[PDB]
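Inside the fold
Here is what each chain is made of, one letter per residue.
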Amino acid sequence: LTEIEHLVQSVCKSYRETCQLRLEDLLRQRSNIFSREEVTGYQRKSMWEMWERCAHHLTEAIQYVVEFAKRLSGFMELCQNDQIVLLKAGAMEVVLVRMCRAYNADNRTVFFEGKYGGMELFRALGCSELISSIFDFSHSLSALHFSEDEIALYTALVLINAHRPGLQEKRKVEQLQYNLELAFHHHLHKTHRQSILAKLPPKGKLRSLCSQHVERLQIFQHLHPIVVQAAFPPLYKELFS
Ligand SMILES: O=C(O)c1ccc(-c2nn(C(=O)c3c(Cl)cccc3C(F)(F)F)c3ccccc23)cc1
Ligand SMILES: CC(C)=CCC[C@@H](C)[C@H]1CC[C@H]2[C@@H]3CC=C4C[C@@H](O)CC[C@]4(C)[C@H]3CC[C@]12C
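The PDB entry lists the chain under the name Nuclear receptor ROR-gamma, with Homo sapiens as the source organism. This entry's official PDB title is "ROR(gamma)t ligand binding domain in complex with desmosterol and allosteric ligand MRL871".

Side note on the site of ligand 2
Around ligand 2 sit 15 residues in total, of which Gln20, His57, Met99, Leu130 and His213 are the nearest. Take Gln20: an N or O atom from its side chain is 3.0 Å from an oxygen atom of ligand 2. Burial of ligand 2 by the surrounding chains reaches 96%, relative to a free accessible area of 610 Å². The pocket occupied by ligand 2, as judged from atoms lying within 2 Å of grid points, is the largest pocket. The set of elements that each furnish at least two residues to the shell around ligand 2 consists of α4 (47–71), α5 (80–98), β2 (109–112) and α9 (205–223).

Some points on the environment of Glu150
You can see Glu150 is positioned in helix α7 (residues 148–159). Spatially, the C-alpha atom of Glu150 lies 7.8 Å from that of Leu188, the residues being 38 residues apart in sequence. If we ignore the near neighbours within four places in the chain, the residues touching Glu150 are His145, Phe184, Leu188, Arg193 and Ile196. A polar contact is formed between the side chain of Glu150 and the side chain of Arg193, at a distance of 2.9 Å.

Quick notes on the packing of aromatic side chains
Centre distance and the angle of the planes are the two values used to describe a pair of aromatic rings. Taken as a whole and judged by the stated rule, the model has 11 aromatic pairs. Here the aromatic rings of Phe122 and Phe135 are separated by 6.5 Å at their centres, their planes lie at 65°, and the arrangement is edge-to-face. Placement of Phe122 in the loop between β3 (115–117) and α6 (128–142) and of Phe135 in helix α6 is noted, with a sequence separation of 13 residues between them. Both residues of the pair, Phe122 and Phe135, belong to the buried class. An angle of 5° between the planes, with centres 4.4 Å apart, marks the rings of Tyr236 and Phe240 as stacked. Among the aromatic residues, those joined into a cluster by ring pairs are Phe34, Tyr42, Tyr103, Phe112, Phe122 and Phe135. A cation sits over an aromatic face here: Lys45 above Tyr42, 5.9 Å from the ring centre. Geometry around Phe68 places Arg98 over its ring, the cationic atom sitting 5.6 Å from the centre.

So, how was this worked out
Residues numbered from 1 in each chain as written, not as in the entry; some residues may be left out. Chains lettered and ligands numbered in written order. Heavy atoms only, no water. Near = heavy atom within 4 Å. Polar contact = N/O pair within 3.5 Å; in protein donor to acceptor, adjacent residues only side chain to side chain. Areas by Shrake-Rupley, 256 points an atom, 1.4 Å probe, with all protein chains shown as cover. 1 Å grid on protein atoms, 1.4 Å probe; cavity = no way out; pocket = protein on both sides within 12 Å on 5 of 7 lines; lining within 4 Å. Sits in = over half its atoms within 2 Å of the grid points. Helix = DSSP H or I, 4+ residues; strand = E, 2+ residues; numbered from the N terminus. Contact = heavy atoms within 4.5 Å. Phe/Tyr/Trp six-rings, centres within 6.5 Å; stacked < 30°, edge-to-face > 60°. Buried < 20%, exposed > 50% of the residue type's maximum accessible area, 1.4 Å probe, protein only. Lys NZ or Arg CZ within 6 Å of the ring centre and 35° of its normal.

Below, the structure is given as structure tokens:
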């Protein structure tokens, strides 16, 4: 078996071990939808409470993406600067992509605290525009019906991007990126799924949505700080300073 077929297997394994929620569970729970009364309960919570809940869920989701990154071939052999540069730019882009698995395009609901709810669940945050953009992005991804293996390979490429500003060893990230691009393209060809390539988000789209998202989280963090046990302190200290 080729280096490339082994790379496909390694990335798909890493994803399976760090996917946080099982696709099977997410699909089964689609019928489990918040009642009008439960939605009203969430809308009546203080911004501060909804922020504490959402901030903690987002931090947990980031930590699954850090673990995913640490299991990708070559990631740990990059200099720490480059690990931080990739995860700082990339980890929340991966969370936003991972969301499409927990999103039902039929009723525009997301899996949140054990049931599916629409974007009005989050009314107390005062972020309707930004949250609507996040729901829209998941909506556009859901049309692809990504396989588990496609999302493993795609989210590896979201992270391993030699064009991120600030890399010391751009050559080394280029080498890992070329191999992951070949693995993704190789797997799509083998599974007759090259049709998704033209349907993938235009680039800049994920970067600019993620930029806006993180900007808002940094404002909330500045006004009402949460603390977590840092999975990757050098990275954590670059956002939670
Ligand atoms: O456990 C850790 O080591 C760790 C855990 C999380 C991050 C990380 N948080 N983050 C946020 O945007 C964030 C979140 Cl999710 C919750 C509350 C406040 C914030 C904010 F202050 F940064 F804005 C990120 C964005 C992009 C990339 C990595 C991260 C980094 C490291
Ligand atoms: C802008 C702002 C202040 C808040 C954003 C509100 C809202 C859009 C956030 C809060 C919790 C997030 C989920 C948390 C965990 C997961 C699991 C992951 O495996 C996939 C992603 C997912 C489902 C997150 C999706 C985005 C959520 C709902």
